[PDB]
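Remarks on the overall topology
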Protein chains: 2
Amino acid sequence: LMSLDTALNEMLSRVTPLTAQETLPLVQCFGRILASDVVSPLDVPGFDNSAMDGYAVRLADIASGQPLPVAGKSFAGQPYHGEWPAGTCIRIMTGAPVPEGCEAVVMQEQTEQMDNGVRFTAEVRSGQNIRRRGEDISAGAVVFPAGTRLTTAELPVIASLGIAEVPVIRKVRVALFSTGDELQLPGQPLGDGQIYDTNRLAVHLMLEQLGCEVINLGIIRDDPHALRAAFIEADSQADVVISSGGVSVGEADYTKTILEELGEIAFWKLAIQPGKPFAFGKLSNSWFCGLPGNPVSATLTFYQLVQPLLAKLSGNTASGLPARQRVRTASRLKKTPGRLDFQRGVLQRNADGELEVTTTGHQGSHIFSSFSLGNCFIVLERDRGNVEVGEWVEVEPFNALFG
Amino acid sequence: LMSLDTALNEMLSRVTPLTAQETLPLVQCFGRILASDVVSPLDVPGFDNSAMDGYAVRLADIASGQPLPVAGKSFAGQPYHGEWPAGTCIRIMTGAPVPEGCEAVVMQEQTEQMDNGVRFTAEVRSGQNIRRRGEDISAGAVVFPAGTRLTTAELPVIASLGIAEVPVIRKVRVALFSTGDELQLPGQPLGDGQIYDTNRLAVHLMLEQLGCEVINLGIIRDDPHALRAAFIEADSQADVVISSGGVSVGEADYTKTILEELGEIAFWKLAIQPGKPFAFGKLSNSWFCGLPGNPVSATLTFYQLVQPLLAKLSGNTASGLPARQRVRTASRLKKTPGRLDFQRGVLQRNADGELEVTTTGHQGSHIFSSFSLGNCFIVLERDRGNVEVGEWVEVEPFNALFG
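If you check the PDB entry, chain A appears there as Molybdopterin biosynthesis protein moeA from Escherichia coli. We quote the UniProt Sequence similarities comment for chain A here in full: "Belongs to the MoeA family."

Below you can see the structure in the form of structure tokens.
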């Protein structure tokens, strides 16, 4: 009944990003969010230097018109030292500091290198091909703002400024558990209507790969006292509490009444497929997310709702959602208007070097295989009906959680 | 002069994937390489179960044409083990194991309930709506072959078979260090032409994010005894040794002679941009990769050369270099023929929803900001010249290492 976009937006609109911080050496900062602006202590570059290979000149010498003999050279780790007589030029390479008094650099391509001097003929503009102290980064400038996610792109830049450690927002703590008499641990043969708990491991893996701190409470016994106790433990030590399967997502039982006894929790019916139900709400000291029991649904719901929630909570200011692109189906898709359908597809290059999607196979929620075979979601619009081969389709490549 | 593709093949063809293994609980296998096939110790599904919400019946009871009452219900976690007399049916729910003697299930849609029981509107053939029972995964089958990189896709499935731990190939060990009296650590001033060591960080971070075990030996003093000591230690404790900068990549010096002394190392001149030189060869107990000192060149060379070497060493059988696609430029690109140019760009969607790349800015290697600003490489062909707005271009989206 409820649209995904509306659900997500409402979840996000309630949530306050963490602020608690810690200072860490750069090597431990991958994936972490900066807590405070990183300000440059230095000018980059540190001195005026040459944009190209050629000659360092003065405007007056060129105006004179004669070939200019080479008085010396400036390179990478060796500026030109010694006097620069009038009517001469200095040989120079990219990144080499420009000699005192230099007004321009001329690319070697514009010049005629003769035995008794370099002949210049193209016009020379004051300042041309000189990179100036600090033109890339000036001391006192913000290099990366609070809220930036730190990656191999950013951290080495910080290191280049001589900064050994930065402040970052603490990891989001997430308490995880499941419940139900059916649920079985590995090693034990399945009892009556029993199955192995798979949701909990799936959520645990994603959480860790998302950079969260997980508190896995295991399988809670089918008992309202044990459940009440799990929630209290979960909520007191975590920013977020996830039930990966077995707590009610709408259906009345002893789990739904505990939920109603411990927080203000909404039970949503999402206009998506696969899945539909999702519990979301404030506990005393945490956010609660309740997932459906079906593996496929739980994963998809986690991936599409919980993941963005965790991202806002973490302090990350990178606005926008996972990257979608318009693509042609090389496969006929069974689609039913009413639900936003996240089918699993295989996005690959065709003979013509063009990108196209192939269905992974049967899209039913009774098999898990589509996450392994697939490498993307085909996001089929809510109102859209069946899709013929060659039609335009929205695709959402899988992020690292699925390879 | 030497093409990237030829260098890649020569490196990779010499390498032998690791085989030493350890056995770990599933929750610690993300990104890890299965050492041995995962073989299913059971069927999936376990018992023949119902594909829909409906009624389990027999073909003889249906024959009477008579409204047959409900003898009981079977649920997912609550199989039915009661009586099932002659002229009756069993209420059933999708996933629920079918009761003994069942021959078909009907959906409740081809069904209407009367005071005297369930009246069957349509026709009922043998097998209808029953999931027969290891159809998805048969006991004794290979679920996941050795060499598979484990992900949220695979791990929960392994748990669904009640497996606790799997054997995995051990992490590749990579020793790392830089050298040069000109490299300086943070906190300490920049002497004559001293700079802050950045490449070591960048490589460290990428190695960690690739799942490698890093042995970072820091900056080694410009002394044959310290350098030789470092190499001997590195080579003896790791599968790969990397100079992030400072060790010779061709130019003769005391570093080069240690290199030639401890193994057989070639000094390549690659037809790429940014970058060009790369040292590679066999030491006594390890592979050695020497990177150029330019930050942008060291990063690009690591990402295009060392990464795929490490993937192969890891046991990963995921044959292939990261995905590439054809796309138009909204940007003019300067390009010199003779070198395969890995420029950085910004892939994004245009108004009509199509994908396009814009340059990050200046493509020189004096600055690092293009890695942050970018989300992809514009891989410009070796023989190509300048590119104009609208031309078709090859693009390789950045992986997780850059965000």
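Okay, the interface of chain A and chain B next. Contacts between chain A and chain B engage 51 residues on the former and 55 residues on the latter. In total, about 4,200 Å² of surface goes out of reach between chain A and chain B, with carbon and sulfur atoms giving 64% of it. Across the chain A-chain B interface, the total number found is 2 salt bridges. The shortest N-O distance in the salt bridge between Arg349(B) and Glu394(A) comes to 2.8 Å. There are 10 residue pairs in polar contact connecting chain A and chain B. At the level of secondary structure, the elements contributing two or more residues to the side of chain A that touches chain B comprise α3 (155-160), α4 (199-209), β22 (325-329) and α8 (370-373) of chain A. Among the elements that make up the side of chain A that touches chain B, the one with the highest residue count is α4(A) (7 residues). Among the residues making up the side of chain A that touches chain B, the classes are represented as 26 nonpolar, 14 polar and 11 charged.

Attention now moves to the pattern of salt bridges. Tallying each qualifying case throughout the model produces 35 salt bridges over all chains. Of the charged contacts, one joins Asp48(B) and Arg132(B) as a salt bridge, the two residues approaching to 2.4 Å between their closest N and O atoms. Of the two residues, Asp48(B) is situated in the loop between β3 (38-39) and β4 (49-50) and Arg132(B) in the loop between β11 (130-131) and β12 (142-144); the sequence distance between them amounts to 84 residues. Here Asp48(B) falls in the partly exposed class, since its relative accessible area comes to 23%. Under the relative-accessibility criterion, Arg132(B) is labelled partly exposed at 39%. Taken together, the shared-partner salt bridges connect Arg326(A), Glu394(A) and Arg349(B) into one network.

When chain A is brought onto chain B, the operation consists of a screw motion whose angular component is 179° and whose axial shift is 1.2 Å, with 1.6 Å RMSD remaining. When the rotation and shift are considered jointly, the pair of chain copies conforms to a two-fold rotation axis. No C-alpha of chain A lies nearer the rotation axis than that of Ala400(A), which sits 3.8 Å from it. When the interface residues of chain A are mapped onto chain B, 94% of them are again interface residues, pointing to one common binding face.

As a further point, take the sheet that holds strand β5 (residues 70-74) of chain A. All names here are of chain A. Strand order across the open sheet formed by 4 strands is β5-β6-β4-β7, with mixed pairing between neighbours. A strand with exactly one partner marks an edge of an open sheet, and here the two such strands are β5 and β7 (104-107). For this sheet, the mean inter-axis angle between neighbouring strands, taken without regard to orientation, is 30°. Across 3 bridges, the pairing between strand β4 (residues 54-57) and strand β6 (residues 89-92) is antiparallel.

On to the domain arrangement of chain A. Frequently, the measure chosen for interface size is the accessible area removed from exposure when the parts meet. All names here are of chain A. Under the domain assignment, chain A is made up of domain 1 (1-20 + 170-322 + 397-403), domain 2 (21-44 + 137-169), domain 3 (45-136) and domain 4 (323-396). Centre-to-centre, using C-alpha coordinates, domain 1 lies 32 Å away from domain 2. The partner domain 2 presents 10 residues to the 9 residues of domain 1 that form the contact. Between domain 1 and domain 2, a total of about 660 Å² is buried, with carbon and sulfur atoms accounting for 52% of that surface.

A separate point is the packing of α4(A) against helix α7 (residues 295-314) of chain A. All names here are of chain A. With their axes 11 Å apart at the nearest point, α4 and α7 run at an angle of 30° to one another. By the angle class used here, α4 and α7 are roughly parallel. Between α4 and α7 the crossing geometry is right-handed. On the side of α4, the interface is formed by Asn199, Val203, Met206 and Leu207, while α7 contributes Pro295, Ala298, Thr299, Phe302 and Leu310. Here the contact of α4 with α7 is composed, by residue class, of 7 nonpolar, 2 polar and no charged.

Right, let's get into α4(A). Burial analysis of α4(A) places 9 of its 11 residues in the buried class, the great majority of the element. Of all the residues in α4(A), the buried ones are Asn199(A), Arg200(A), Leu201(A), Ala202(A), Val203(A), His204(A), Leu205(A), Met206(A) and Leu207(A). Taken together, the buried residues of α4(A) touch β13 (173-179), β16 (213-220), β17 (240-245) and α7 of chain A together with α3 (155-159) of chain B.

Moving on, we get to the environment of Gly77(B). Residues and elements named next belong to chain B. By the element assignment, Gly77 lies in the loop between β6 (70-74) and β7 (89-92). The class for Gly77 is partly exposed, based on a relative accessible area of 31%. On a C-alpha basis, the gap between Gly77 and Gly95 in space is 9.0 Å, while along the polypeptide they are 18 residues apart.

Okay, the side chain of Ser331(A) next. Residues and elements named next belong to chain A. With respect to the helices and strands, the residue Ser331 is situated in the loop between β22 and β23 (340-349). Among the residues examined, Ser331 registers a relative accessible area of 13% and is labelled buried. At 3.4 Å, the side chain of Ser331 and the backbone nitrogen of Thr359 are in polar contact. If we skip the residues at most four places from it in the chain, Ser331 touches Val357, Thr358, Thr359, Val387 and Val389.

The biggest cluster of nonpolar side chains holds 67 residues, and the ones touching the most others in it are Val166(A), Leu207(B), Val240(B), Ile242(B), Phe278(B), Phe302(B) and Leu310(B). The dominant element in this core, judged by the number of residues it contributes, is helix α7 (residues 295-313) of chain B, at 10 residues. For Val166(A), the residues in contact, after removing those within four places along its chain, are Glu22(A), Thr23(A), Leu24(A), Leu26(A), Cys29(A), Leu34(A), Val38(A), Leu150(A) and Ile158(A).

The rules behind the values
Residues numbered from 1 in each chain as written, not as in the entry; some residues may be left out. Chains lettered and ligands numbered in written order. Heavy atoms only, no water. UniProt positions renumbered as here; feature names shortened; annotations may be inferred. Contact = heavy atoms within 4.5 Å. Buried area = accessible area lost by both parts, 1.4 Å probe. Salt bridge = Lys/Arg side-chain N within 4 Å of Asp/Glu carboxyl O. Polar contact = N/O pair within 3.5 Å; in protein donor to acceptor, adjacent residues only side chain to side chain. Helix = DSSP H or I, 4+ residues; strand = E, 2+ residues; numbered from the N terminus. Nonpolar A, V, L, I, M, F, W, Y, C, P; charged D, E, K, R; others polar. Buried < 20%, exposed > 50% of the residue type's maximum accessible area, 1.4 Å probe, protein only. Least-squares fit on C-alpha atoms. Pairing = 2+ DSSP bridges. Axes fitted to C-alpha atoms, helices over the stretch in contact; angles between N-to-C directions. Domains from an automatic or database assignment. Parallel < 35°, antiparallel > 145°, perpendicular 65-115°, else oblique. Left-handed = near helix turned anticlockwise from the far one by under 90°. Core = buried A, V, L, I, M, F, W, Y, C linked by side-chain atoms within 4.5 Å.

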